[PDB]
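Participant: Structural data only, the sequence is not supplied:
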């Protein structure tokens with residue numbers, strides 16, 4: 001169940017806001033995107049740009065993925081993102097996340113035809 005493309009969208013797309021609204025943004029979003037169901041996903045980034053703009057990164061700067069895969073791409077421009085990271089007070093099933101707002105390049109791995117993001121590698 002769940003294509004890689006749809007999983008990327010579920011984990012990493014939030015085009016409904018221009019930026020994280022409150023310090024509770026990550027706690028709410030990690031839960032509601034089902035990333036705290038069987039485990040506290042330790043780290044996860046949301047992108048506040050249109051899906052088209054994020055898909056377009058698959059046609060931007062070809063770079064190495066962190067594991068050495070050759071199908072990663074860095075956005076030419078910076079993007080509004082929110083980094084969500086599990087904090088010291090976090091213990092499944094009571095997950096607790098630090099919310100970190102930022103504007104930076106995203107790096108994604110792309111696959112398929114249509115060639116779309118299937119993994120969030122990093123931000124810089």
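Facilitator: Perfect, I can see it now. Numbers count the residues shown, from 1 in each chain.

Participant: So what touches stretch 90-101?
Facilitator: When contacts are defined by C-beta atoms under 8 Å, 6 or more residues apart in numbering, stretch 90-101 is touched by residues 19-20, 22-27, 30-31, 36, 39-40, 80-87, 89. Placement of C-beta: from N, CA and C, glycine included.

Participant: run the last query once more with 10 Å
Facilitator: Here stretch 90-101 makes contact (C-beta atoms under 10 Å, 6 or more residues apart in numbering) with 19-31, 35-46, 48, 80-89.

Participant: Ok, stretch 15-27 next?
Facilitator: The contact list for stretch 15-27, computed with C-beta under 10 Å, 6+ apart, reads 9, 14, 28-29, 35-36, 44-54, 80-87, 90, 95-103.

Participant: before we move on, the earlier item: taking the contacts of stretch 90-101 one by one, which sit in strands?
Facilitator: Counting by DSSP state E, the part of the contacts of stretch 90-101 found in strands is 43-46, 80-86.

Participant: where's the most far-flung residue of the chain relative to its centre relative to residue 40, distance?
Facilitator: In the chain, residue 89 marks the outermost C-alpha relative to the chain mean, sitting 22.4 Å out by C-alpha atoms, centre = their mean. Note on residue 89: its distance to residue 40, by C-beta to C-beta, to the nearest Å, is 11 Å.

Participant: contacting residues for residue 45?
Facilitator: By C-beta under 10 Å, 6+ apart, residue 45 lies in contact with 11-12, 14, 26, 81-85, 100, 102, 104, 106, 120-123.

Participant: repeat that for 6 Å
Facilitator: Residues in contact with residue 45, defined by C-beta atoms under 6 Å, 6 or more residues apart in numbering, are 81, 83, 120.

Participant: burial count for the first one?
Facilitator: Burial of residue 81 is recorded as 24 neighbouring residues (other C-beta atoms under 10 Å).

Participant: on that earlier part again, filter the contacts of stretch 15-27 down to the buried ones, ChimeraX style.
Facilitator: Restricted to buried positions by 16 or more other C-beta atoms under 10 Å, the ChimeraX selection for the contacts of stretch 15-27 reads:
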select :9,14,29,35,36,44,45,46,47,48,49,54,80,81,82,83,84,85,86,90,95,97,98,99
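
Participant: Among the ones in strands among the contacts of stretch 90-101, give me the pair with the biggest separation.
Facilitator: Farthest-apart pair in these is 80 and 86; separation 21.8 Å (C-beta to C-beta).

Participant: Many thanks, have a good one.
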